[PDB]
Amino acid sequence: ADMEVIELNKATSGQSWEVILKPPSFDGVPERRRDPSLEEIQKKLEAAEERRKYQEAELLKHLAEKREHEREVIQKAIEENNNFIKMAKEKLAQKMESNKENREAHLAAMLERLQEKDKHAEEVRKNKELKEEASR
């Protein structure tokens, strides 16, 4: 049964007013940060850019570490093949020289044996010389 009507404004394409059903139970109206700074904003935007960039450079640092390891495995495979060649060359020369030595020694021993027989024979021949003519 009660309403307070307060006319506010009237214009060409409008009219306004306030309707009050009940006043505030509590009287005495209610019961802030500047500004910000363009510099403060820039400092924070720049800090975020340096973080993005730091981590991008870190990721690149590890990819570069993968690249160095790659050249390292290529180098290991190259090094092992070179050592395989060097081992084989020396084991083979050792084998060819030991067998030359041995084959020469056998032929020397067997020629010495035949030459010893030759010495014994002229000696046998010499003893017949003390028998033949040197009698009758």
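Counting begins at 1, following the sequence as shown. Each form is matched to the other, and the largest set of C-alpha atoms that superpose within 1.5 Å is called the rigid core.
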- Fitting on the core, do the C-alphas of 21 to 29 or of 114 to 122 deviate more in 7 other deposited structures of this protein? 21 to 29
- Message: In a third or more of the other compared PDB entries with flanking residues modelled, does residue 35 go missing?
- Response: yes
- Task: Please figure out whether residue 31 and residue 32 are truly consecutive in the deposited sequence or have unmodelled residues between them, and give none, 1 to 3, 4 to 9, or 10 or more.
- Result: 4 to 9
- Check the entry's C-alpha temperature factors for 102 to 110 and 32 to 40, then say which stretch has the higher mean. 32 to 40
- Message: Tell me which stretch has the larger mean Cα B-factor in this entry, 80 to 88 or 22 to 30.
- Response: 22 to 30
- Task: Rank-wise, by C-alpha B-factor, drop residue 13 into the lowest, middle or highest third of its chain.
- Result: middle
